[PDB]
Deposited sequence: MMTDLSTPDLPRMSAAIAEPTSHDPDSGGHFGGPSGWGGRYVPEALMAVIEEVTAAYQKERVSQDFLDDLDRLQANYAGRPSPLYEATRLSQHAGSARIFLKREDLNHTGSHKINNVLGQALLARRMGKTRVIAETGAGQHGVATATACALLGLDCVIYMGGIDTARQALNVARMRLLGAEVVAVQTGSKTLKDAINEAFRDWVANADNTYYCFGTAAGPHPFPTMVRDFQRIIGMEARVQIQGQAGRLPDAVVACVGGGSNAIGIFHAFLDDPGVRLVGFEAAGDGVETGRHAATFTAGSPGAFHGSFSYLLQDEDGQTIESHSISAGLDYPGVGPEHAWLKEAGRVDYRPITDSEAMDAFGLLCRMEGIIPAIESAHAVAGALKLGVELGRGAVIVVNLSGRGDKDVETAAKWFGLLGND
């Protein structure tokens, strides 16, 4: 599943990232660097037409759903490249199948100014000359790996072979589903940027801190990532909505209630939520009818607009 040979190398990265977690500075720095670069900060939208169904509170939807073809992947990558740069690494590697992660990796590296090399499967190479094209346009040595299978796994290995050799100057950039996810806390932390961005936006758009910041808890981290920046704001309730069918407060939301919110959001604002987001919404509206006129609530709309259209359409 992972060579043992990766252990000292992974241990190096974790220990180095552990030093970053002491302050907000790493995160702050990432947020600076990615500002207006590829999608970040995702928009905060005041859903004025939901207001009437939420006790006339002001519902603000943190729009993590506005991500598709591009925005997305650069986010993980840029975090990593920044870490590589602060570990005094000078060079970055990765594997990619079809080429999307190699392009993101190559992107983060031109941006931050770091040599970069990408490992592509032999017959993967000659069936997208284009991403290769992007990658070489981005300045990245593409090593088209001939040796056995031809279909990713052999590239993972050279990439692995590389990383152990060169570990003093090289960072491995992870992001393919078929590759290793060795640093799960580092991934979680990158999610806190949602709340960091949403805390600036809600005070600029709403003129203060919110009454509440709300997320569906089955989105995992990334739904929950909106909370961290509001932990020291004693006036701000943090409410995680649990899917039920039939410091943080946790509250249940049934299938029906999610479903009805899903449809109201499509009809009131023209936005088609993930069933995940519709629970956070359904709770946001109950919470506004609780809190009344003049309340301000922030909702993490996490998960994918498309996915659930089928299930929603059956349901109705």
Deposited-sequence segments unaccounted for in the coordinates
1-40, 287-346, 417-422
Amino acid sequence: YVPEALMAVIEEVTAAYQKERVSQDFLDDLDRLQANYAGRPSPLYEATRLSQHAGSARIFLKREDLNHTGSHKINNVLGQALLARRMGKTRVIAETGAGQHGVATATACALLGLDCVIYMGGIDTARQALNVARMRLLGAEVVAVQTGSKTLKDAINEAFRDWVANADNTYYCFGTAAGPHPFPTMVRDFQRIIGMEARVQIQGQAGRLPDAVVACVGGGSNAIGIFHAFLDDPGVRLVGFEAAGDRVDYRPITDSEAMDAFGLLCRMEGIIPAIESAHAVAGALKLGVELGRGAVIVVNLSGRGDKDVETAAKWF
From here on, numbers count along this sequence of modelled residues.
Where do the C-alpha atoms have the higher mean temperature factor in this entry, in 22-30 or in 43-51?
22-30
Of 208-216 vs 127-135, the stretch with the larger average CA B-factor in the entry is 127-135
Peak C-alpha temperature factor (PDB record), options 192, 86, 199, 237
86
By the entry's C-alpha temperature factors, tell me which of 105, 185, 203, 169 sits highest.
169
Lowest, middle or highest third: where is residue 72 by C-alpha B factor in its chain?
highest
Chain-wide C-alpha B factor ranking for residue 246, given as lowest, middle or highest third:
highest
Ordered by C-alpha B-factor within the chain, which third holds residue 228? Give me lowest, middle or highest, please.
lowest
